[PDB]
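So the structure is just underneath, and the comments pick up after that.
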Amino acid sequence: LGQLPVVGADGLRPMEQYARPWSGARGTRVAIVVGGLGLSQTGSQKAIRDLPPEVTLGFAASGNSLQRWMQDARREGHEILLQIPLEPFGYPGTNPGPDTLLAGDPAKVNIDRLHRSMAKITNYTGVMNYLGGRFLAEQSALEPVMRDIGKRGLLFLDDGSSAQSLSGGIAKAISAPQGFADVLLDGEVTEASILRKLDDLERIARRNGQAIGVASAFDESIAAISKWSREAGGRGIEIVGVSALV
């Protein structure tokens with residue numbers, strides 16, 4: 001903790017070392033990421049209290065008590081991702097914070113910002129974008145970032161909120177482990193909507209063999225996701241960590 005993730009001398013990657021184990025058996029698999037941990041203290045407490053350990057947790061780099069929520073999550077057995085603030089379209093009106101990676105800045109300034117976020121927690125398998133509408137569409141901005149992440153043995157989860165995102169193509173070009181979320185579960189934060197989106201997730205997972213859903217740690221999201229993930233096994237669905245799928 002306080003250090004940057006690296007591939008070990010033996011070649012072991014963070015994405016292997018901190019992966020949540022799963023059955024290994026054939027069948028439909030689903031990963032669900034609930035992000036935003038560290039932003040609300042009561043919201044983070046509820047997330048840890050209520051979600052089963054199979055739910056992957058995204059930690060906000062700008063969050064507070066990150067070490068506390070890190071230790072609680074890993075104690076319960078959750079796989080963890082680090083959320084990296086990236087430049088949205090509404091910048092600087094919409095500002096995620098001082099460590100936000102910016103499309104126009106040179107590679108070394110963004111890599112320093114990335115490294116500052118990376119050092120705030122440990123034992124995560126990969127990174128995911130927070131926002132990044134502007135950033136993800138810019139090859140010259142995204143490529144050095146994805147190369148740094150890729151070389152440290154981390155996976156990159158793109159939340160899919162930008163259709164113009166270049167992370168899939170860049171990752172193929174550099175051989176980095178990457179995945180797109182299939183479903184945003186809580187674009188509308190109501191019980192009825194989240195249940196419909198969880199049905200979408202199941203449908204896509206059953207057809208493709210696997211799928212990834214993403215949500216934030218809103219009270220309605222936590223309650224709906226906790227209940228659904230606990231009941232998923234009865235319908236031949238194993239909930240696995242993101243690393244198992246990417």
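This chain uses plain numbering: 1 for the first residue, then up along the sequence.
- Following chains of ILVMFWY side-chain contacts shorter than 4.5 Å, one can reach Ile222 starting from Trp69, so the two form part of one hydrophobic cluster.
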Practice task
Test side-chain hydrogen bond (donor to acceptor under 3.5 Å, both in side chains) on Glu238 and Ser23 and set out the steps.
Solution key: CA-CA 8 Å; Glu238 183 166 5; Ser23 74; 2.5 Å; yes
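- A distance-only check finds no donor-acceptor pair linking the side chain of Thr125 to the backbone of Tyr18 [under 3.5 Å].
- Residues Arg203 and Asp200 are paired through a salt bridge, judged by an N-O separation under 4.0 Å between the basic side chain and the carboxylate.
- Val183 and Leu157 are members of different hydrophobic clusters when ILVMFWY side chains are connected at heavy-atom separations under 4.5 Å.
- When all heavy atoms of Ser162 and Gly133 are compared, the pair lying nearest together is OG-CA, 3.3 Å.
- No side-chain donor-acceptor contact under 3.5 Å links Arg235 to the backbone of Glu202.
- When hydrophobic clusters are built by joining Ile, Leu, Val, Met, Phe, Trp and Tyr residues whose side-chain heavy atoms come closer than 4.5 Å, directly or via intermediates, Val30 is grouped together with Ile225.
- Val7 and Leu4 fall into different hydrophobic clusters, where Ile, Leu, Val, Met, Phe, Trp and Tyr residues are linked whenever their side-chain heavy atoms come under 4.5 Å apart, directly or through other members.
- Salt-bridge check for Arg134 with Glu138: failed, with every basic side-chain N at 4.0 Å or more from each acidic carboxylate O.
- Of the possible donor and acceptor atoms, none in the side chain of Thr28 sits under 3.5 Å from a partner among the backbone N and O of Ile237.
- If you take CD on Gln45 and OG on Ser65, they are separated by 10.5 Å, rounding to the nearest 0.5 Å.
- A donor-acceptor pair is defined here as one N or O able to donate and one able to accept, closer than 3.5 Å; no such pair exists between the side chain of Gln164 and the backbone of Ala137.
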Exercise for the section: Using the side-chain hydrogen bond (donor to acceptor under 3.5 Å, both in side chains) rule, take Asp50 and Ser226 through it: C-alpha gap first, then chi angles, then the decisive distance, then the call. Expected result: CA-CA 6 Å; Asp50 293 351; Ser226 298; 5.2 Å; no
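- For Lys46, the NZ atom sits in a packed shell: over 12 heavy atoms of surrounding residues, nucleotides or ligands are nearer than 6.0 Å.
- Within the 4.5 Å cutoff, the side chain of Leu184 has no heavy atoms near those of the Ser161 side chain.
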